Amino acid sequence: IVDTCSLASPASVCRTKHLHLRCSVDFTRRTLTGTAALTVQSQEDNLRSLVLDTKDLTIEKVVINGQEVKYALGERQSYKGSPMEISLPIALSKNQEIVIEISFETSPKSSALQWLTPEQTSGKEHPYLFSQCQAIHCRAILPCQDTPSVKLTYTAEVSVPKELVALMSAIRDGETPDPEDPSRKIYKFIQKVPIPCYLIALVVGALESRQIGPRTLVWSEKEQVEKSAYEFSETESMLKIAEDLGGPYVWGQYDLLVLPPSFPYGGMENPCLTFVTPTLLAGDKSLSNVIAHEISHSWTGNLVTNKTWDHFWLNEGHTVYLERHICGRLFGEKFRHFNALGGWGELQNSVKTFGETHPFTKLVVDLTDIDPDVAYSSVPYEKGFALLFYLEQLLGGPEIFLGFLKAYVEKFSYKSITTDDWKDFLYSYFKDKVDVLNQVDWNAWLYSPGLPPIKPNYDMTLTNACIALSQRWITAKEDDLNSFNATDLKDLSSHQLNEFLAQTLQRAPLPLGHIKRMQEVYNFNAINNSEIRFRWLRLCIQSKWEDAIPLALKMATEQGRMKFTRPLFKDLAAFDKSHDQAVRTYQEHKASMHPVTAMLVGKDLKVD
């Protein structure tokens, strides 16, 4: 197996067993300066040199056995960064190990980091830093074998201003005043469980905590600590359910971190410290499905990981499957089917957006000369789940397939696998149903673009109310607009209301009078629920309602979740009345946007 996203030496040549990170965080220069001690094991005889992944890194020196050795940075290869060859002071035999201390310093243009000014935070007093290494941004923080095929434990000592707090994707290991600087603190961290390097995370800021479980603290600025602790109160309940589905939780502590609005994703599953968007603070725990998702990743993604990014569906596909199983335990089987069916609708949207023949709509992709951030979508999430949901109904139901999953997690625990690894074990587990498995169009499910060859069976109980009301609006005439009222939503949950907008959005645009009437009777402008508002504003913009232009521009910039920001900007760019505003608003905010988010929105707006 070849990782076409990495320029480092493959796992067949050498493997990094441990990392010791000793660095200091300079907010004045916006740089990370320190040393990275990599314990590397040779996988072949007579190993004299190895290559590492770097990206906008400044290398001072390389120390092995107390003496400096010769190193060389090759030319940059765009998004992959610059390869770093290191000359070993001794030829290594197989399984032989050495420790390599690399003195490095990050660039302010680190694609893995976003530096926030005090004004960009809640407290307005202190600066802020958070990392995002998924998929291949860890090289922009430190020199490494930036590949998920290599797992590694790590320890870290991080120096930050004494009035600030540092947190990493590891177990907290005490804090002390910096002996070299009285104005700073040193936070120590330890990760005893081997992780892929993309799971390395760091956050520095005026953070506070509040315990909500025996092994869970919620971290954020003081302004959001209390709201977050309430919003995520179901965390421990979800952990207990997840443990019952995938086996014991092996990370010891599961803390949550609520980041500033510019956090690119809904959630990052960093071990011991899950990163989440503040747009989950709906006030009624209604977006806690994301928490169940990130929790589930502790088994599918963190324990059994994809060997390359071509098999990324292994991570999210199974994780969504566990996620919706957790919500199934909490709110019933009909609720699980509700989210499952809605997820198919999301798959419909992604395929239609890319194209029926677009390579990014394949379950297993080919990221050769392809920036992973560009290819990222809901396809591996939903098509992956669609396959597993299809296999569930095909092999005897949920209880039986949940048996496979637990065996699957235990079989490939602490290991990196491929799709064929998964498929072979599937046939191995269900050996008495190989005739059933052979009826599966594997080539279409795994390697063919567009919608899956077959649609799973979904319960329609909670969805019927959505379809009924949406069809009313879509097929509505002018003398049907008056009969609409606020009573139409009396028996609709927040999820049903959101699905209603999702269904209606698929047939956008609607007549402008329909949308105006909809605001008059439903008052959707008053809803702060990010998911509901996002689809409501998209419906308005696509239906050419100029009144929603400042509202869409506001939400697109007051938060940075690419799930919301990117479709909002594109819709605003497709609307002639707001095209100039959209491009201008982007240009005025791009310097302060997340580096990855700023790049992608630029491509979407075609202002690159």
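One rule holds for the numbers: they count along the sequence shown, beginning at 1.
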Inset, instruction - With reference to the PDB entry, specify whether the mean Cα temperature factor is higher for 295-303 or for 78-86. - result: 78-86
Inset, instruction - With reference to the PDB entry, specify whether the mean Cα temperature factor is higher for 412-420 or for 442-450. - result: 442-450
Inset, instruction - Have a look at 221, 146, 480, 284 and flag the one whose Cα has the highest B-factor in the entry. - result: 480
Legend entry - Which of 140, 375, 202, 351 ranks first by CA B-factor in the deposited coordinates: 351
Legend entry - residue 559 CA temperature factor, ranked by third within the chain: lowest
Inset, instruction - Comparing against every modelled residue in the chain, figure out the third that the C-alpha B-factor of residue 584 lands in (lowest, middle or highest). - result: highest
Legend entry - Chain-relative CA temperature factor third for residue 192: lowest
Inset, instruction - Please rank the C-alpha B-factors of the chain's modelled residues and tell me whether residue 544 sits in the lowest, middle or highest third. - result: highest
Legend entry - Within-chain third of residue 128 by Cα B-factor, per the entry: lowest
